[PDB]
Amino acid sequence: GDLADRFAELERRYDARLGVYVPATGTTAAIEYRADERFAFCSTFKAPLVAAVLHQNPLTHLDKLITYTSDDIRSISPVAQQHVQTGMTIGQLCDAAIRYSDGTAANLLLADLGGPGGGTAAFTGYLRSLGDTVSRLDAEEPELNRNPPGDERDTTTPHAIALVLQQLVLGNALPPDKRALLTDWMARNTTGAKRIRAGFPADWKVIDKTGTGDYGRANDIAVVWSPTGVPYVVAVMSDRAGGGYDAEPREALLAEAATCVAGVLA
């Protein structure tokens, strides 16, 4: 049979472009479909963003209180928009950026990393530090969701983001204490319940970070553990740019791609 042909079928059926990368392991072949094509990050960048902040600071930084105003809410911010009077610690911002894709939390973390004018360049440099010479972040929330198809700004590839996530969660990019915090935030994220999680049987552990944006963009990046505890990284990216900037993103496409990945990893 041919898994690439089945991913092409999914593209036809959803009127979408699909990108998949599951890195090879000691027990398994890579899965790669449009893996070197660019896709917008959308909120998937918030996982490596939290990694960057963890990397750059001692863990005491998690307790630093960040203050902001209602004028700083410029994107979908389910947590931050309720704490304008209290502020939020860095740890709380990390939590909100991963579990609620909070755009203001992500913009505040970008500013923590790079200063007000340098956060996106700082983030890009963190990915350069992991060996990623393709990905680039250029805008903050919400504009990073909104670039036209073909614009390289605010893009990654399934191959690049999968190998970043592999290094962050399974590899040694972060010390194991910091790694555990990133893994726990991703593990307590329910935003992706209808994406990669929906394509893996309930006895597999799935931690993930979703992304959603214009031109029908729906992404999910996950680490999964088999019932016997074998880990894999699964990156699924999609867009529906043929439908225009207001094309509906389709979570189900990512669930079905994930089902096809789970069928070959099971």
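The numbering used is simple: start at 1 and walk along the sequence shown.
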Out of 20-28 and 247-255, which one has CA B-factors that are higher on average in the deposited record?
20-28
Given 96-104 and 83-91, the range whose Cα B-factors average higher in the PDB entry:
83-91
Using the temperature factors in the entry, find which of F45, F39, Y215, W204 has the highest value at its Cα atom.
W204
Chain third (lowest, middle, highest) by recorded CA B-factor, residue given as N147
middle
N57, C-alpha B-factor rank within chain (lowest, middle or highest third)
middle
Binned into thirds over the chain's modelled residues, the C-alpha B-factor of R128 lands in the middle
Relative to the other modelled residues of the same chain, rank the CA B-factor of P158 and answer lowest, middle or highest third.
lowest
Can you tell me which third, lowest, middle or highest, the CA B-factor of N172 falls into for its chain?
highest
